[PDB]
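K.L.:
Quick one: the structure is below, and I'll ask about it shortly.
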Amino acid sequence: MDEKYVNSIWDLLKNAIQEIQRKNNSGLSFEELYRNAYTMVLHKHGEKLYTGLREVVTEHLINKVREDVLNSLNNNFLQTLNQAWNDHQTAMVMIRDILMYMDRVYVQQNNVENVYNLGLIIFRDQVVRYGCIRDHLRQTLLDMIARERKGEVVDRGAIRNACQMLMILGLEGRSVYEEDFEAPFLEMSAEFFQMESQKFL
Amino acid sequence: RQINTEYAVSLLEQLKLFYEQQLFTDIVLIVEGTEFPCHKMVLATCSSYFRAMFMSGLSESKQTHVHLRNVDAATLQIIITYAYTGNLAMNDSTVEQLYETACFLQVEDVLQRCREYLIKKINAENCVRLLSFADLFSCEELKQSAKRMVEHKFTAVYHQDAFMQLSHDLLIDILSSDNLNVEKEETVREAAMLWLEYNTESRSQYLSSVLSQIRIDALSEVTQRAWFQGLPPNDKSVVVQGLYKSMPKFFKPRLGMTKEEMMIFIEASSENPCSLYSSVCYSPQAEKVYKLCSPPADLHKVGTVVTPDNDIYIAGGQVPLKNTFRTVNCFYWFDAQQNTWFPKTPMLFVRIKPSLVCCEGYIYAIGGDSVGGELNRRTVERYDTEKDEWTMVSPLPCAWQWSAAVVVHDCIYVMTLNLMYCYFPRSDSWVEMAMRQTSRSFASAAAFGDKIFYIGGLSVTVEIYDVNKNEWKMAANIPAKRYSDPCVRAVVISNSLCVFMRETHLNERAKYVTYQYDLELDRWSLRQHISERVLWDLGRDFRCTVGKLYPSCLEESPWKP
């Protein structure tokens, strides 16, 4: 139909998506959103919907979680990161349901990554691989693992949660997680064990 | 492990019974005021949308009444009953709405079933309609199949009402494709024009795009003057953009112009000893021998027929049982571009070497050992090329074997040892015709013009029959070397009666040669002698028929001269 109708449909869908991402998914209808997605993709306007979804997701991430992680880099940094990851996953569940109904046709025709993969990629690009968050996370994980190796006991399930989060963020296998975690950890372990062997001999 | 013997059937039947009695239901679907009480588990396991409808945490997950819109009541009811019993029972009319509702509800199994049903029912007319349907709801299989069917048939019709209402992308894909089955380049031009005359001033940019698509070979004929007649006033840059489409954009020859009139042969002498028979072709003009893929690749003793629209069909046949020759009533059709064989609706009786005759757009299979043990042994069965079904007709008057049948003046004619009957399609009855003075069998006849030429029989018997005169007469004897058993084949070539005969002697090699016969001369003039350097031996049970084929799609048969 006219551009006004599809623009209004997209505007209301974006408002609903933002409301869902704000931990307010209780009072929101699902049939209306699915019908709007049907009438949106049916008219061969999937590219606009995909671009708008990407823009909305990246704007929401940069506004909320990028500020939250940087604001709490010293007070439960890893706990806040895990909570943000869990919230992102639990919103992307429904987001991926709707936009995966869309994704069937879209990626069987346009040959692109699915919306779950798109969200994972944008999260990796905007949070984990940030210019400041990445180095801080590396330094804090190295510090806590070194302190654990020293002899004193620290939290261990949290490190497992972080490693699982990075492995899922890999999204293809062990390409990003292996490098980002192991390589600084490999160097730290190398120096630590070299010093330990030199002391022991 | 899924034990299918006790629990599966019992569980499904008890679930169906619970659905009937409205027991243990917790969700009800509201469809334009109609209530459909059902269960969430069956909807989740069947549809990929209801699982998200009831699992994803939202306002409708905890909602006893859900108002689902944009869905038909009958389609949703049939989907629910298929989910509750496993049987679809789809008709031929409500397929489009059922597929639309399945796509909306994302029910994969019924989607695949409807896709197969639609891909099997692109017969003659819904091709463009279902092509647009598949363009609206992305379906690669349906899209490709409908595209091929359109390229085959619309290129001969190009006047369908549904074809006018098409999206620009689909029309561009259709027109720019090199699969147009058109022997001339102006028909596509006028088709594009008439597609751009009923909707003008609305698709002027798309008019220019289609104008460029049809390319210079048809752009330089009349399009400029017609557009000048029909252009909107005060349009200047449109003239500039239209004038540019004269030089560029790679003018190349099409593919539909290669409809060379050739001869399709079946059951030839196979080269590799692992195979028994093969189907090959001969080019009267190119003087080359092409090959074709066997339709079943294992079944033989088939019959051939060629419609006026140049279509190849195969019916009946026998195949070895391969235990550690059984008759099959299967049907097949030859693809003019894919070089394959798509099966069609099978017959009702397992015939041996059926004789298929085309008339009034219907395929008539006459005789050919129907079941043999019929109460009325002399029966026939025809085919519907539009409805895709077999309809019983008036049976044969007399039971005959090794008979031949042709069509003349839109009338069915079947020839036997000495008798001939004319079947009236309008009244569905047989009328007695003239009786031949010679009793000859194991021969075939050709329908050239308004005269039937029954050639051969056991020889060189040339008995010419005329429908308007209703009499049998002799013309001459074909010049053949003595002490030989010729294998005669009569068929129409380039609107001229000709024959294809092979002579075999003792301790001698077979020779292939075709002669040109004249009506008033009663002589078979030497037209062309088929050299053995290109064509090898065929056999004894080979058949010949006239048809047009594509050289590029087919492949040459490799054989040492």
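Quick mapping for you: the protein sequence lines, in order, are chains C and A.
For what it's worth, the entry's author numbering labels the leading residue of the first sequence as 25, then goes sequentially.
Those letters in the second sequence? Residues 7 to 330, 344 to 477, 496 to 598, per the entry's author numbering, in order.
Note that the Cβ used here is the ideal one computed from N, Cα and C, for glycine as well.
Looking only at its own chain, which residues have a Cβ that is under 8 Å from the Cβ of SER183 of chain A, when we skip the five neighbours before and after it?
P.N.:
Excluding positions up to five away in sequence, the list reads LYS153 and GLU157.
K.L.:
Are at least three pairs of beta-carbons, each pair with one atom in the stretch 12-25 of chain A and one in the stretch 54-72 of chain A, less than 8 Å apart?
P.N.:
Result no; under three Cβ-Cβ pairs closer than 8 Å.
K.L.:
Could you pull the DSSP bridge partners for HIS73 of chain A from this structure?
P.N.:
A:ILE36, per the DSSP bridge assignment.
K.L.:
Identify the continuous alpha helix (DSSP H) that holds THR63 of chain C and give its terminal residues.
P.N.:
From DSSP, the alpha helix (DSSP H) with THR63 of chain C extends over 55-66.
K.L.:
Any C-beta of chain C sitting closer than 7 Å to the C-beta of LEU64 of chain A?
P.N.:
Taking Cβ atoms only, chain C reaches closer than 7 Å to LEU64 of chain A, which makes this a yes.
K.L.:
Tell me, please, which residues DSSP counts as bridged to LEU375 of chain A.
P.N.:
Beta-bridge pairing links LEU375 of chain A to A:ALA384.
K.L.:
Using only CA atoms, which one of C:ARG198, C:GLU220, C:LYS47 and C:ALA207 lies nearest to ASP111 of chain C?
P.N.:
Cα-wise, what sits closest to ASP111 of chain C is C:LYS47.
K.L.:
Can you list the alpha helix (DSSP H) stretches of 4 or more residues lying completely in the stretch 99-170 of chain C, in chain order?
P.N.:
Complete alpha helix (DSSP H) runs here, min 4: 101-133 and 139-147.
K.L.:
Would you say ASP121 of chain C reaches chain A, if we count a Cβ-Cβ gap shorter than 7 Å as a contact?
P.N.:
It does; some Cβ of chain A falls within 7 Å.
K.L.:
Which residues in the same chain have their Cβ closer than 7 Å to the Cβ of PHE579 of chain A, if we skip the five residues on either side of it in sequence?
P.N.:
Excluding sequence neighbours, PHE579 of chain A sits near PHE271, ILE272, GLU273 and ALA274.
K.L.:
Compile a chain-ordered list of the residues in the stretch 66-86 of chain A whose CB is closer than 8 Å to at least one CB of chain C.
P.N.:
The residues in question are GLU66, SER67, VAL72, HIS73, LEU74, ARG75 and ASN76.
K.L.:
Is the beta carbon of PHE353 of chain A sitting closer than 7 Å to the one on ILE318 of chain A?
P.N.:
It is a contact, given that the beta carbons lie within the stated cut-off.
K.L.:
According to DSSP, simplified to helix, strand and coil, what is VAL216 of chain A?
P.N.:
If DSSP states are grouped into helix, strand and coil, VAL216 of chain A belongs with the helices.
K.L.:
Within 10 angstroms of the Cβ of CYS145 of chain A, are there 16 or more other Cβ atoms? Answer buried if so, exposed if not.
P.N.:
Result: buried.
K.L.:
Please report the straight-line C-alpha distance between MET118 of chain C and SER62 of chain A, rounded to a whole angstrom.
P.N.:
The straight-line gap from Cα to Cα measures roughly 6 Å.
K.L.:
Which one of A:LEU477, A:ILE474 and A:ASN507 has the shortest CA to CA distance from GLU451 of chain A?
P.N.:
With distances taken between Cα atoms, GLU451 of chain A lies closest to A:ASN507.
K.L.:
Which one of C:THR114, C:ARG162 and C:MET25 has the shortest CA to CA distance from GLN45 of chain C?
P.N.:
Comparing Cα-Cα distances from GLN45 of chain C to each of C:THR114, C:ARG162 and C:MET25, the minimum goes to C:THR114.
K.L.:
Going by the beta-carbon positions, is the gap between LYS518 of chain A and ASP503 of chain A smaller than 7 Å?
P.N.:
The answer is no: Cβ separation not under 7 Å.
K.L.:
Determine contact between the stretch 557-572 of chain A and the stretch 232-249 of chain A, defined as no fewer than three beta-carbon pairs at a distance below 8 Å.
P.N.:
Cβ pair count under 8 Å is below three, so no.
K.L.:
Please check the pair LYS46 of chain A and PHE60 of chain A, which I expect to be a contact at CB under 8 Å, by giving their CB distance rounded to whole angstroms.
P.N.:
The pair is a contact, with the Cβ atoms about 5 Å apart (cut-off 8 Å).
K.L.:
Which residues in the same chain as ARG135 of chain A place their Cβ atom closer than 7 Å to its Cβ, once the five residues preceding and following it in sequence are excluded?
P.N.:
Contacts found: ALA168.
K.L.:
Is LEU29 of chain A helix, strand or coil when you go by DSSP?
P.N.:
Of the three classes helix, strand and coil, the one that applies to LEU29 of chain A here is coil, per DSSP.
K.L.:
Less than 7 Å between C-beta atoms, sequence neighbours within five positions excluded: which residues of the same chain meet that for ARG171 of chain C?
P.N.:
So the list reads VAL178, once near-sequence residues are dropped.
K.L.:
Whole angstroms is fine: what's the gap from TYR432 of chain A's alpha carbon to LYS251 of chain A's?
P.N.:
Near 54 Å, if we compare the C-alpha coordinates of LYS251 of chain A and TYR432 of chain A.
K.L.:
List, in order along the chain, the chain C residues whose C-beta lies closer than 9 Å to that of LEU142 of chain A?
P.N.:
By Cβ distance, chain C contributes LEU66 and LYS68.
K.L.:
Per DSSP, what are the beta-bridge partners of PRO362 of chain A in this structure?
P.N.:
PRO362 of chain A is bridged to A:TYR351.
K.L.:
Using a C-beta cutoff of 7 Å, does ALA58 of chain A count as contacting chain C?
P.N.:
True, the Cβ-Cβ gap to chain C drops below 7 Å.
K.L.:
At least one CB of chain A closer than 7 Å to the CB of residue 9 of chain C: is that the case?
P.N.:
There is no way to answer for residue 9 of chain C, as the model of chain C reaches only from 25 to 225.
K.L.:
So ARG370 of chain A packs on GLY387 of chain A, CB below 8 Å; how close in whole Å?
P.N.:
Right, the Cβ-Cβ distance comes to about 4 Å (below 8 Å), so this counts as a contact.
K.L.:
Count the CB pairs spanning the stretch 26-37 of chain C and the stretch 92-104 of chain C that are closer than 8 Å, and state whether there are at least three.
P.N.:
Cβ pair count under 8 Å is below three, so no.
K.L.:
Closer than 8 Å, Cβ to Cβ, to anything on chain C: give me those residues from the stretch 106-121 of chain A, in chain order.
P.N.:
Listed in sequence order: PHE110 and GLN112.
K.L.:
Does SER53 of chain C have its Cβ less than 7 Å from a Cβ in chain A?
P.N.:
Chain A, which has a Cβ nearer than 7 Å to the Cβ of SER53 of chain C, makes this yes.
K.L.:
Under 8 Å between beta-carbons, which chain A residues line up against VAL117 of chain C? List them in chain order, please.
P.N.:
Per Cβ cutoff of 8 Å: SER62.
K.L.:
Is the shortest distance between the beta-carbon of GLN133 of chain C and the beta-carbons of chain A less than 7 Å?
P.N.:
At least one chain A Cβ lies under 7 Å of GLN133 of chain C.
K.L.:
Any residues in the stretch 25-59 of chain C with a beta carbon nearer than 8 Å to a beta carbon of chain A? Which ones, in chain order?
P.N.:
Residues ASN49, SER50, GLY51, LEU52, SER53, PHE54, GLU55, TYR58 and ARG59.
K.L.:
If you measure from the beta carbon of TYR62 of chain C to each beta carbon in chain A, is any gap under 7 Å?
P.N.:
Yes, because at least one Cβ of chain A sits closer than 7 Å to the Cβ of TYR62 of chain C.
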